[PDB]
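Down below is the structure, laid out as structure tokens.
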Amino acid sequence: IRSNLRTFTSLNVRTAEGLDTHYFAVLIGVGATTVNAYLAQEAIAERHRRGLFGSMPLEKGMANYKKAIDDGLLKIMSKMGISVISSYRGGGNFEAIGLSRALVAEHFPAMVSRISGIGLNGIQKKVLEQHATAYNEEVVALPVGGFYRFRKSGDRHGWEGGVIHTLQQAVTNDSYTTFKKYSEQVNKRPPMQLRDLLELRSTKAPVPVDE
Amino acid sequence: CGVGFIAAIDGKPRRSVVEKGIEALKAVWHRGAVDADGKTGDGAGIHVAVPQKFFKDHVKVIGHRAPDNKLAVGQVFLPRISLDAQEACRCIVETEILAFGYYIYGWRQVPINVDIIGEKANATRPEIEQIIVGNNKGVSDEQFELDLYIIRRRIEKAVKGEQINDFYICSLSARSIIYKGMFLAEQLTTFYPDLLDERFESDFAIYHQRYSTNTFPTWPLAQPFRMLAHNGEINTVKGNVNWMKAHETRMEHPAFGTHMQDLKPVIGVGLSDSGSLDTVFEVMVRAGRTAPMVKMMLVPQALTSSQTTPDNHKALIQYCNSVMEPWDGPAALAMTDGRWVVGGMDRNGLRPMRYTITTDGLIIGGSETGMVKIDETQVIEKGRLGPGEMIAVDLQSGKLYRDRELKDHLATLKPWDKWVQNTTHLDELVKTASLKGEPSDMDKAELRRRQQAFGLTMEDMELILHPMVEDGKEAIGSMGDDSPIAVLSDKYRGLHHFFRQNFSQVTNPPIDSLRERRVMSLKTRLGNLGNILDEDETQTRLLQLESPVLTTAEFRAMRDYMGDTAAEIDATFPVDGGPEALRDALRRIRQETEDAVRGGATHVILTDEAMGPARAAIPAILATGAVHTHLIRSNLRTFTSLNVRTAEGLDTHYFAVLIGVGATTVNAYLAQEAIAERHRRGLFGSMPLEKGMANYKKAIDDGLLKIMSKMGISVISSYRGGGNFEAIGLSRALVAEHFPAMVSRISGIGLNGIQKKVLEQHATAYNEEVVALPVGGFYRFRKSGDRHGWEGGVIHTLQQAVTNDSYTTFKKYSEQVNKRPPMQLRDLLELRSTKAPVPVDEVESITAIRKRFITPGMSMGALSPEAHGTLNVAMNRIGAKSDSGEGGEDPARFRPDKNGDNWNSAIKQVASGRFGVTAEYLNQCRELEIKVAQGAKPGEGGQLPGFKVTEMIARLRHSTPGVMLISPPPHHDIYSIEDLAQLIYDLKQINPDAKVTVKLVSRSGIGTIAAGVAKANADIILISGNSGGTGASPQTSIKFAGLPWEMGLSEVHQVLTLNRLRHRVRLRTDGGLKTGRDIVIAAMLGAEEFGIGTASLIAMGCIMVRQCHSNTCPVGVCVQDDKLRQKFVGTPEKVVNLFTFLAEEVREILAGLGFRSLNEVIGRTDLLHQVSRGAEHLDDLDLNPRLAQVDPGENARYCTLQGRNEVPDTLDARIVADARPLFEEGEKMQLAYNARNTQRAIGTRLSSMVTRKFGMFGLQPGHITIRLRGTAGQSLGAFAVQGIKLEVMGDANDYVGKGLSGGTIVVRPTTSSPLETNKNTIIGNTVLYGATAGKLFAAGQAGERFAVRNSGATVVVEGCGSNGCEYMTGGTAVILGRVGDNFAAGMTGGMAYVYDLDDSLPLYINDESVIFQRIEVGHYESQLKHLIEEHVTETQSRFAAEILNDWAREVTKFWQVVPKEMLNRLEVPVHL
Ligand SMILES: Cc1cc2nc3c(=O)[nH]c(=O)nc-3n(C[C@H](O)[C@H](O)[C@H](O)COP(=O)(O)O)c2cc1C
Ligand SMILES: CS(=O)(=O)CC[C@H](N)C(=O)O
Ligand SMILES: O=C(O)CCC(=O)C(=O)O
Ligand code: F3S
């Protein structure tokens, strides 16, 4: 854009990491003319090879996938009233929580990022770590996952069984004390949420609770 | 306001350095506009070192580890209302620090307390935030700032490209950080508590509060700037600014690597003058130059060519002057590149700057002195800066350098002289060819016809050229300029007519180019424009003249020496040309110069020589500008010198314009010609045509030096190209297109008109024979071509009218006056209204109206005693007011006479040479008029030819009989607006009843000043037109300085309104008001009072013959000669008739408009419509900007209460209270009180009170004595009459005994101070300014301009800055010590002795009017002795006492300084 060239080509992406509606949307409105999630058509195939769909043609499985991604989008677009993709494209209708200011400014269309976050360096690093895991070692299957739901996995969650128990306990047996261990269970973890990054110091000396 | 600095001489950080820095800032408010709001101020700042504990901890507390290095901080003002922008801002800020790969620990909202801010300010408050950076790259102190610098610019630049407003990085270094903002200095600590933390420690400080011509607060404009802090103003700014546009074309240095381009323009939009300075100072320091070197390259001291200066220094100076053209203007500076800390002065010591050195190894720089407690006991020294000096500290080595020693050092750095010796002075080469014979090659038949082309005349040749040749001085004249304003003229006038010389009013003072010529200069250099960034001898390789001025001889001298190097462009155009002739002509020249310069050319010669019957000449001025500009616009001007040959040039003005619109060099060739022709009819007599030119040339040289001094500028290189004119009459578009920046508030004609008029005059001179020029009636009415306001008929009719007392005759006069073609702007307005008319009876009354009229100040001296008092009688008879004038008023006159008539005048002036200014004069009135300026001669100050200085006159004025009175152009106690401010305070102190007025002269920019005047407590402001009258004044000012009142008066009306001050002050105007309508129109433009001089003179009889300077008045109006004064027929009754008519004619008009009063129409510009078109060609003016209303439609009403803008008490408040007995019983009294730098004008009120009850002299010396410990602030003892005595044990600031009036003031160090009385400063500047009586004793040295204008006070002091005893006219001035440059300049009358231990006085004194000898007669030797005795008695001065102890050997060491003009006048001769 910056160099007056974008009006000359179409820009088409082939992505391996692409799976659901969101990924497409972002891509698309950050430039993309056309997208192709090629390692998913694959993941689909494998699924269809072990008969997980019926005797449904892959051709058809593909169609469905596409339709969902099409409605995938149409929907993400309407969240902002936009009814048409030409106008949505490249428009940058995101908001970056996490990435660094500098970066987002340098590379993406205009999007806010009210707190710079990591930059190329970190990105680099995390990218590569995850890459080792799949090549600088050997791998049987994808882990389970505990994103969409707490398993007793590595993806933590606020509400995980332990704490829930203690809460329920606390409020059934009705002990403030039990309550008080739940909060601790909850307050002693590593940060998971921005408030988590904030200490509370003050300059007054303590007053008695009764007051 | 103030600047200050503090430094630990040893280099080692401390908290006290900051605590002191605050301490200061708490003692400057006495110098500023206090708001009734309690909060609002113009700006304050403190520049200290980034405190690494404090910051590092911070980074630690978030839980990082503190680096080993220094940690940087950016201090940043973000947009505060658009979050969207704050971001853009922070991304940019981060990106930039990021690509240098440094490190961000991140943002920190600065704590602040906005409760102490006013709304105006909270409104424009940015969001203040710190960003913390780390030197992860492990670079060096020096590299970090360098990089950071390129970063800040990078940001600065990008924000700009983004179009982001309100972003601003105060500081961003790891050495220094700035905490400035819009809040009262006393409250810096409150708005920013960080400062109160003990971790804030520092080896240095730089504070600064500031004032302004505003009500609007911008935050970035508060100082200190990044390297700099400035008290003053830099009048030479547009000059500087445009030079950089070229300086830059070549600046390149290796430290910025590939960065340079991001580096330019070094001066962004929206900077204040100082801001722009800091900008330049910075790049230079970022590229390698120390602080002190830069102060010099940019604010170099004056190279007086004298012994006073070692030769090393001179080299250096000469070096600088060749690289960079100064940045002039009053200037106290506080500076620092990373390491050094410097206090500096401008080349004229225009601003105070005391300092103290302590036992604890600190230096505290200051503007006043009581600014921060220090025990006398620990004072090791008490200095000050004088013109040009610096004082400094090298913090790395913890060494202090005083001026000499510091300048020594810099001399040391390079082979200054060897390098300087590299310049070719093509002077002698040029003088040679002149003596070899100024040629001439035209035959009268030609001279005459060209001459006609530029519409020249006899008046021109006789009146103006001649005197130049003869006396080598320019024509003096009299009476105002009543001709049309050029655009409206009927008769070929040349461009130079439309450019008005600018001059300065309250912002800065103008200089004395006579008494102070040694600091000024006209050096000129061709090809010295390379790398301000370089520091190599190759910078001295350039040619050098000593005047941009060249006689046809010298010109060719040069043009030859040039040669292959020069190029000649034909500034001319065809007449057969077509409607676009001159345009394409102007293109052509523009291009041709391009090619030339590109082609390799290094000098350009622009010329009209080929003017002929077929080619009109392009107006040299236009041609020079067109060329210079386009040259700048293509980065080329840095490659040539640009030299002009002009057939139309003749007077000083024309040179000035040419020069300052580009021209390097000028040659008035067809005028040297015209000189010759005159010379071959032996009109110059014996005198060789060569000596002829020589003179011409000096007249034009002093010519310029003067025109320059009008806006304090001391040096042509800064003046050049600076465009210091204002255009009236030419079109906006044009003036923009082709000349440097100048205002032209109403467009005017353009090329097509210009073309048409140029050509018309042309036909006049090549359409047929021409044996004689026409007579001309420009400087005087002839019954010829040029009209004037005052012309015979008109004068007769008026005289008839006021003499026979007929209003009908009056009316016939005014009709005569109003029925002509437009001559003045108001003439282009119609007055139409929408109300039906009212019956005249119904309007306000004459009694009422005439009271808004006043008779201007016209001095006793300029006018006959008879005329003067006539006026005072008329005005008091009708309950109005008159104005004493620049020159005294006789006190006999302080009573009504047997007939009831009252000769005393109601408004007394106060002007530069404080003429009769006395506690009793200042108290015999209702109003004090500070005269900063008259439209006849804005830049300058009165003249009274010597033969008018009668004895009575001389008695009045305490001047010397029959010796001439030329006044200092600036007031010596008004060098900047705070200064005005303080004069107004003293004035309101010595006279509790009067209102104070400020006479100012219209010019664009007046508006703004007007405001400041308003914030300074003035009650009335008077704007004077360009066309007013003068009894004596050079003719260029009478025809080229000033602007019409219709422009200035509205501008003040507008601006004052726009800042909500317009109700604080009343407005008055004068300038040619002869008629009823002239007075109505002035009201509608905003005026409430009108001044009427000349027409009042004419009623007293003036016939407008213009020999007011000559003392040959046919009629007794302006002449001191006795026989001649007997021909005077003026009468009160006549003047009264004048006013009566005027008012009635005013009422007649209002009634037609439907108003029943004047008030109902002030400001009402909706009642005026511009009609007039008055020329053949469509060339029109835009009178809008004058008619516009700021807040049109209904106004809110601010209640104004009847009285004067009142003022805060002082010590006098108590002193008086404590003196009941004095006033009640007569007792004698001794009182004691401490005194701080913050108490001003102490005693003055006392004095007013005493003068009122016992008179200046009814009390015996010492009757009421008040001792004071501590420090007196400005105006100590000002206007003290006899009976009062003030002992100040401690010390004082500027203006001790200003206007001293027979009172006594003594000042000595504290019994306990260990200081050597005579080796330390003790009182400020402009001490005893204009005094007339009393004594002053001072155990110590005094600063600049000591005893200036003293007219009769006796003083003893142990030393004294430069410019001492200047313009003194009476009194005795002893002086136990060394004495500054130019001592006794213009010292026409008193006497000074001067203990000189090194037989040096010879090297410092200004010969011209004075002589020195050793005491010989023994009554003079005795006089001295007794004073010195007194001195000692009063001051217990050892050093003095000791001189007494060895009288014998010692008397031997003094030097009697006695005025030439006093030699034969003196009772006891000075010689044996
Ligand atoms: C003869 C004469 C003497 C003047 N003397 C003074 C003066 O002493 N002080 C001053 O401040 N202005 C002085 N002026 C200017 C007048 O005070 C006033 O500004 C101007 O005269 C009025 O201009 P008008 O002449 O067109 O009526 C003088 C002007 C003239 C003509
Ligand atoms: C206190 S001050 O009047 O010297 C201000 C200095 C400067 N001309 C400015 O506009 O900041
Ligand atoms: O009388 C004087 O000193 C000055 C009068 C004056 O300058 C003027 O009237 O133009
Ligand atoms: S010379 Fe002045 S012009 Fe008036 S005062 Fe005499 S006529």
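Here's how to read the names in the structure tokens: chain A, B, ... by the order shown, residue numbers from 1 in each chain, ligand numbers from 1 in the order shown.
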
Each residue of chain B lying at most 12 Å from chain A should get a row with its shortest atom-to-atom pair and the distance in Å to one decimal, counting only C-alpha atoms; could you produce that, ordered by chain and increasing number, as CSV?
residue,atom,partner,partner_atom,distance
B:61,CA,A:199,CA,11.0
B:62,CA,A:199,CA,9.8
B:63,CA,A:199,CA,11.8
B:83,CA,A:114,CA,10.0
B:84,CA,A:112,CA,8.5
B:85,CA,A:112,CA,10.7
B:86,CA,A:114,CA,10.2
B:87,CA,A:114,CA,7.3
B:88,CA,A:105,CA,8.6
B:89,CA,A:101,CA,10.4
B:90,CA,A:101,CA,7.9
B:91,CA,A:102,CA,5.3
B:92,CA,A:102,CA,7.2
B:93,CA,A:102,CA,8.8
B:94,CA,A:102,CA,6.2
B:95,CA,A:102,CA,4.9
B:96,CA,A:102,CA,8.7
B:97,CA,A:102,CA,9.9
B:98,CA,A:102,CA,8.0
B:99,CA,A:102,CA,9.7
B:101,CA,A:121,CA,11.9
B:104,CA,A:116,CA,11.1
B:106,CA,A:116,CA,10.1
B:107,CA,A:115,CA,10.8

Based on the selection just made, write C-alpha atoms of those residues as an mmCIF file, in the first residue's frame.
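Listing of result.cif after writing:
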data_model
loop_
_atom_site.group_PDB
_atom_site.id
_atom_site.type_symbol
_atom_site.label_atom_id
_atom_site.label_comp_id
_atom_site.auth_asym_id
_atom_site.auth_seq_id
_atom_site.Cartn_x
_atom_site.Cartn_y
_atom_site.Cartn_z
ATOM 1 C CA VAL B 61 9.968 -1.267 42.291
ATOM 2 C CA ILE B 62 8.244 -2.666 39.312
ATOM 3 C CA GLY B 63 10.814 -5.392 39.662
ATOM 4 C CA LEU B 83 -7.012 9.289 23.354
ATOM 5 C CA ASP B 84 -6.849 8.236 19.738
ATOM 6 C CA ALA B 85 -3.993 10.616 19.363
ATOM 7 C CA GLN B 86 -2.186 9.867 22.573
ATOM 8 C CA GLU B 87 -1.610 6.408 21.175
ATOM 9 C CA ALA B 88 -0.386 7.401 17.751
ATOM 10 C CA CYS B 89 1.833 9.512 19.812
ATOM 11 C CA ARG B 90 3.076 6.664 21.933
ATOM 12 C CA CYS B 91 3.508 4.256 19.131
ATOM 13 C CA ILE B 92 5.623 6.814 17.460
ATOM 14 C CA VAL B 93 7.509 7.586 20.508
ATOM 15 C CA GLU B 94 8.197 3.867 20.993
ATOM 16 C CA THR B 95 8.913 2.939 17.424
ATOM 17 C CA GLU B 96 11.638 5.562 17.137
ATOM 18 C CA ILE B 97 13.374 4.692 20.415
ATOM 19 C CA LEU B 98 13.049 1.144 19.222
ATOM 20 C CA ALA B 99 14.815 1.232 15.980
ATOM 21 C CA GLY B 101 17.385 -0.773 19.531
ATOM 22 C CA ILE B 104 11.981 0.481 27.115
ATOM 23 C CA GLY B 106 8.035 1.966 29.925
ATOM 24 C CA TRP B 107 5.644 4.768 30.801
#

Checklist entry - Which neighbours of residue 194 in chain B fall inside 10 Å, counting only C-alpha atoms, when residues of the same chain fewer than 3 positions from it are skipped, and could you give them as a PyMOL selection string? => result chain B and resi 54+110-112+179+189-191+197-200

With N, CA and C atoms retained, write the just-selected residues as a PDB file, in the first residue's frame.
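As written to disk, result.pdb reads:
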ATOM      1  N   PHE B  54      16.202   7.948  42.454  1.00  0.00           N
ATOM      2  CA  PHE B  54      14.809   8.119  42.082  1.00  0.00           C
ATOM      3  C   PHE B  54      14.340   7.347  40.852  1.00  0.00           C
ATOM      4  N   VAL B 110       3.140  11.369  35.238  1.00  0.00           N
ATOM      5  CA  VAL B 110       3.797  12.111  36.293  1.00  0.00           C
ATOM      6  C   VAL B 110       2.859  12.594  37.387  1.00  0.00           C
ATOM      7  N   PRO B 111       3.136  12.434  38.668  1.00  0.00           N
ATOM      8  CA  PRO B 111       2.164  12.984  39.616  1.00  0.00           C
ATOM      9  C   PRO B 111       2.121  14.482  39.381  1.00  0.00           C
ATOM     10  N   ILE B 112       1.003  15.157  39.620  1.00  0.00           N
ATOM     11  CA  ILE B 112       0.880  16.607  39.445  1.00  0.00           C
ATOM     12  C   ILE B 112      -0.354  16.982  40.199  1.00  0.00           C
ATOM     13  N   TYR B 179      11.394  20.097  34.081  1.00  0.00           N
ATOM     14  CA  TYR B 179      10.045  20.138  34.613  1.00  0.00           C
ATOM     15  C   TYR B 179       9.511  21.525  34.448  1.00  0.00           C
ATOM     16  N   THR B 189       6.697  23.396  42.756  1.00  0.00           N
ATOM     17  CA  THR B 189       6.805  22.244  43.641  1.00  0.00           C
ATOM     18  C   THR B 189       5.459  21.625  43.923  1.00  0.00           C
ATOM     19  N   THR B 190       4.434  22.470  43.961  1.00  0.00           N
ATOM     20  CA  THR B 190       3.066  22.021  44.157  1.00  0.00           C
ATOM     21  C   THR B 190       2.547  21.355  42.903  1.00  0.00           C
ATOM     22  N   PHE B 191       2.763  21.931  41.751  1.00  0.00           N
ATOM     23  CA  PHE B 191       2.206  21.227  40.625  1.00  0.00           C
ATOM     24  C   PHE B 191       2.940  19.939  40.302  1.00  0.00           C
ATOM     25  N   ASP B 197      11.168  15.420  46.293  1.00  0.00           N
ATOM     26  CA  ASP B 197      11.762  14.188  46.812  1.00  0.00           C
ATOM     27  C   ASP B 197      13.258  14.301  47.064  1.00  0.00           C
ATOM     28  N   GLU B 198      13.800  13.774  48.177  1.00  0.00           N
ATOM     29  CA  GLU B 198      15.249  13.902  48.338  1.00  0.00           C
ATOM     30  C   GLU B 198      16.079  13.184  47.327  1.00  0.00           C
ATOM     31  N   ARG B 199      15.539  12.186  46.690  1.00  0.00           N
ATOM     32  CA  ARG B 199      16.395  11.680  45.635  1.00  0.00           C
ATOM     33  C   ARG B 199      16.728  12.656  44.477  1.00  0.00           C
ATOM     34  N   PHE B 200      16.029  13.801  44.384  1.00  0.00           N
ATOM     35  CA  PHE B 200      16.307  14.766  43.294  1.00  0.00           C
ATOM     36  C   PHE B 200      17.518  15.534  43.769  1.00  0.00           C
TER      37      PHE B 200
END

Please, which residues in chain B fall within 10 Å of ligand 3 when counting only C-alpha atoms and all ligand atoms, and what is the closest atom pair and distance in Å to one decimal for each, ordered by chain then residue number, as JSON lines?
{"residue": "B:477", "atom": "CA", "partner": "ligand 3", "partner_atom_place_in_ligand_line": "10 (O)", "distance": 9.6}
{"residue": "B:478", "atom": "CA", "partner": "ligand 3", "partner_atom_place_in_ligand_line": "10 (O)", "distance": 7.6}
{"residue": "B:479", "atom": "CA", "partner": "ligand 3", "partner_atom_place_in_ligand_line": "10 (O)", "distance": 8.1}
{"residue": "B:480", "atom": "CA", "partner": "ligand 3", "partner_atom_place_in_ligand_line": "10 (O)", "distance": 9.2}
{"residue": "B:857", "atom": "CA", "partner": "ligand 3", "partner_atom_place_in_ligand_line": "9 (O)", "distance": 8.2}
{"residue": "B:858", "atom": "CA", "partner": "ligand 3", "partner_atom_place_in_ligand_line": "9 (O)", "distance": 5.6}
{"residue": "B:859", "atom": "CA", "partner": "ligand 3", "partner_atom_place_in_ligand_line": "1 (O)", "distance": 4.8}
{"residue": "B:860", "atom": "CA", "partner": "ligand 3", "partner_atom_place_in_ligand_line": "1 (O)", "distance": 6.3}
{"residue": "B:861", "atom": "CA", "partner": "ligand 3", "partner_atom_place_in_ligand_line": "1 (O)", "distance": 4.9}
{"residue": "B:862", "atom": "CA", "partner": "ligand 3", "partner_atom_place_in_ligand_line": "1 (O)", "distance": 4.7}
{"residue": "B:863", "atom": "CA", "partner": "ligand 3", "partner_atom_place_in_ligand_line": "1 (O)", "distance": 7.9}
{"residue": "B:885", "atom": "CA", "partner": "ligand 3", "partner_atom_place_in_ligand_line": "5 (C)", "distance": 7.5}
{"residue": "B:886", "atom": "CA", "partner": "ligand 3", "partner_atom_place_in_ligand_line": "2 (C)", "distance": 5.5}
{"residue": "B:887", "atom": "CA", "partner": "ligand 3", "partner_atom_place_in_ligand_line": "1 (O)", "distance": 5.5}
{"residue": "B:888", "atom": "CA", "partner": "ligand 3", "partner_atom_place_in_ligand_line": "1 (O)", "distance": 9.0}
{"residue": "B:911", "atom": "CA", "partner": "ligand 3", "partner_atom_place_in_ligand_line": "3 (O)", "distance": 9.2}
{"residue": "B:912", "atom": "CA", "partner": "ligand 3", "partner_atom_place_in_ligand_line": "3 (O)", "distance": 9.5}
{"residue": "B:913", "atom": "CA", "partner": "ligand 3", "partner_atom_place_in_ligand_line": "3 (O)", "distance": 8.0}
{"residue": "B:914", "atom": "CA", "partner": "ligand 3", "partner_atom_place_in_ligand_line": "3 (O)", "distance": 9.6}
{"residue": "B:915", "atom": "CA", "partner": "ligand 3", "partner_atom_place_in_ligand_line": "3 (O)", "distance": 7.8}
{"residue": "B:933", "atom": "CA", "partner": "ligand 3", "partner_atom_place_in_ligand_line": "7 (O)", "distance": 9.9}
{"residue": "B:934", "atom": "CA", "partner": "ligand 3", "partner_atom_place_in_ligand_line": "10 (O)", "distance": 7.8}
{"residue": "B:935", "atom": "CA", "partner": "ligand 3", "partner_atom_place_in_ligand_line": "10 (O)", "distance": 9.3}
{"residue": "B:936", "atom": "CA", "partner": "ligand 3", "partner_atom_place_in_ligand_line": "10 (O)", "distance": 6.9}
{"residue": "B:937", "atom": "CA", "partner": "ligand 3", "partner_atom_place_in_ligand_line": "10 (O)", "distance": 7.6}
{"residue": "B:940", "atom": "CA", "partner": "ligand 3", "partner_atom_place_in_ligand_line": "7 (O)", "distance": 9.0}
{"residue": "B:941", "atom": "CA", "partner": "ligand 3", "partner_atom_place_in_ligand_line": "7 (O)", "distance": 6.1}
{"residue": "B:942", "atom": "CA", "partner": "ligand 3", "partner_atom_place_in_ligand_line": "7 (O)", "distance": 3.0}
{"residue": "B:943", "atom": "CA", "partner": "ligand 3", "partner_atom_place_in_ligand_line": "7 (O)", "distance": 4.6}
{"residue": "B:944", "atom": "CA", "partner": "ligand 3", "partner_atom_place_in_ligand_line": "2 (C)", "distance": 4.8}
{"residue": "B:945", "atom": "CA", "partner": "ligand 3", "partner_atom_place_in_ligand_line": "1 (O)", "distance": 8.6}
{"residue": "B:948", "atom": "CA", "partner": "ligand 3", "partner_atom_place_in_ligand_line": "1 (O)", "distance": 8.9}
{"residue": "B:949", "atom": "CA", "partner": "ligand 3", "partner_atom_place_in_ligand_line": "1 (O)", "distance": 8.9}
{"residue": "B:953", "atom": "CA", "partner": "ligand 3", "partner_atom_place_in_ligand_line": "1 (O)", "distance": 9.3}
{"residue": "B:957", "atom": "CA", "partner": "ligand 3", "partner_atom_place_in_ligand_line": "3 (O)", "distance": 9.2}
{"residue": "B:964", "atom": "CA", "partner": "ligand 3", "partner_atom_place_in_ligand_line": "3 (O)", "distance": 8.9}
{"residue": "B:965", "atom": "CA", "partner": "ligand 3", "partner_atom_place_in_ligand_line": "3 (O)", "distance": 6.0}
{"residue": "B:966", "atom": "CA", "partner": "ligand 3", "partner_atom_place_in_ligand_line": "3 (O)", "distance": 6.8}
{"residue": "B:967", "atom": "CA", "partner": "ligand 3", "partner_atom_place_in_ligand_line": "3 (O)", "distance": 6.8}
{"residue": "B:1028", "atom": "CA", "partner": "ligand 3", "partner_atom_place_in_ligand_line": "10 (O)", "distance": 9.3}
{"residue": "B:1029", "atom": "CA", "partner": "ligand 3", "partner_atom_place_in_ligand_line": "10 (O)", "distance": 6.7}
{"residue": "B:1030", "atom": "CA", "partner": "ligand 3", "partner_atom_place_in_ligand_line": "10 (O)", "distance": 3.1}
{"residue": "B:1031", "atom": "CA", "partner": "ligand 3", "partner_atom_place_in_ligand_line": "9 (O)", "distance": 3.9}
{"residue": "B:1032", "atom": "CA", "partner": "ligand 3", "partner_atom_place_in_ligand_line": "10 (O)", "distance": 4.7}
{"residue": "B:1033", "atom": "CA", "partner": "ligand 3", "partner_atom_place_in_ligand_line": "10 (O)", "distance": 5.9}
{"residue": "B:1034", "atom": "CA", "partner": "ligand 3", "partner_atom_place_in_ligand_line": "10 (O)", "distance": 9.6}
{"residue": "B:1108", "atom": "CA", "partner": "ligand 3", "partner_atom_place_in_ligand_line": "9 (O)", "distance": 9.0}
{"residue": "B:1109", "atom": "CA", "partner": "ligand 3", "partner_atom_place_in_ligand_line": "10 (O)", "distance": 9.2}
{"residue": "B:1118", "atom": "CA", "partner": "ligand 3", "partner_atom_place_in_ligand_line": "9 (O)", "distance": 9.5}

Next on the checklist: Just want the 10 Å neighbourhood of range 23-25 of chain A, counted on only C-alpha atoms, with same-chain residues fewer than 6 positions away dropped. Output as a list in words.
Outcome noted: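 Residues meeting the cut-off are residues 15, 17, 32, 34, 35, 36, 37, 69, 70, 72, 73, 74, 75, 76, 77, 85, 88, 89, 92, 93 and 94 of chain A.
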
Checklist entry - Smallest atom-to-atom distance to residue 540 in chain B: which of B:422, B:133, B:622, B:616, using only C-alpha atoms? => result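 Comparing B:422, B:133, B:622, B:616 against residue 540 in chain B, the winner is B:422.
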
Next on the checklist: Taking only C-alpha atoms and all ligand atoms into account, list the residues no farther than 8 Å from ligand 2, as a ChimeraX atom specification.
Outcome noted: /B:1-3,208-212,221-223,230-234,272-275,331,507,976-978

Next on the checklist: Give me, as a ChimeraX atom specification, the set of residues whose atoms come within 12 Å of any atom of ligand 4, counting only C-alpha atoms and all ligand atoms.
Outcome noted: /B:477-480,780-781,790-792,795,858,861-864,866-868,1029-1032,1093-1121,1124-1125,1127-1130

Next on the checklist: From the options B:569, B:1168, B:687, B:817, which residue's atoms come nearest to residue 833 in chain B, counting only C-alpha atoms?
Outcome noted: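 Checking each of B:569, B:1168, B:687, B:817 against residue 833 in chain B, counting only C-alpha atoms, the winner is B:1168.
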
Checklist entry - From the list B:1160, B:690, B:201, B:248, which residue is nearest residue 469 in chain B when using only C-alpha atoms? => result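 Selected residue with least distance to residue 469 in chain B: B:690.
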
Item to check | DSSP alpha helix (DSSP H) selection over range 15-126 of chain A, as a ChimeraX atom specification | outcome: /A:21-28,38-49,58-78,85-88,101-107,120-126

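By chain and then residue number, the residues within 7 Å of range 1186-1193 of chain B are residues 1047, 1050, 1054, 1058 and 1165 of chain B, counting only C-alpha atoms and disregarding those fewer than 6 positions away in sequence.
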
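Taking CA of residue 997 in chain B as the reference point, CA of residue 847 in chain B is found at 23.3 Å.
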